């Protein structure tokens, strides 16, 4: 079974800085998406969204200018650890809804904060399969 756990915490302490820096050069209502029906799971929840947010940082880098690429990539690095785990592609039941990139960035920050005290204490093996709610 693919496992997923972090012995040492992957979250850096100045991640909120790299996000405020990206936001300083962003057109805040740029359309991105967020899952609208992610199952309520107090252990995998933030992790699922970080994986999704992470998938967005990559897509954004491809249509970003030389200098915006660095700000994206630098925020990408703060949450790229989620790929250390074999997360499965989103299920067909997962619905996405258009939201401002400022919303996505704000939530990502929040998820890192809430995840910080637990990232190294929990076994996240069952988070690999993203789950839906109706």
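Positions refer to the first chain, counted from 1.
When the mean C-alpha temperature factors of 18 to 26 and 122 to 130 are read from the deposited coordinates, 18 to 26 comes out higher. Relative to its counterpart among 112 to 120 and 8 to 16, 8 to 16 has the higher mean temperature factor, C-alpha atoms as listed in the PDB entry. When the C-alpha B-factors of 56, 87, 96, 81 are read from the PDB record, the largest value belongs to 96. Note on the listed residues 36, 92, 100, 77: the highest Cα temperature factor in the record is that of 92.
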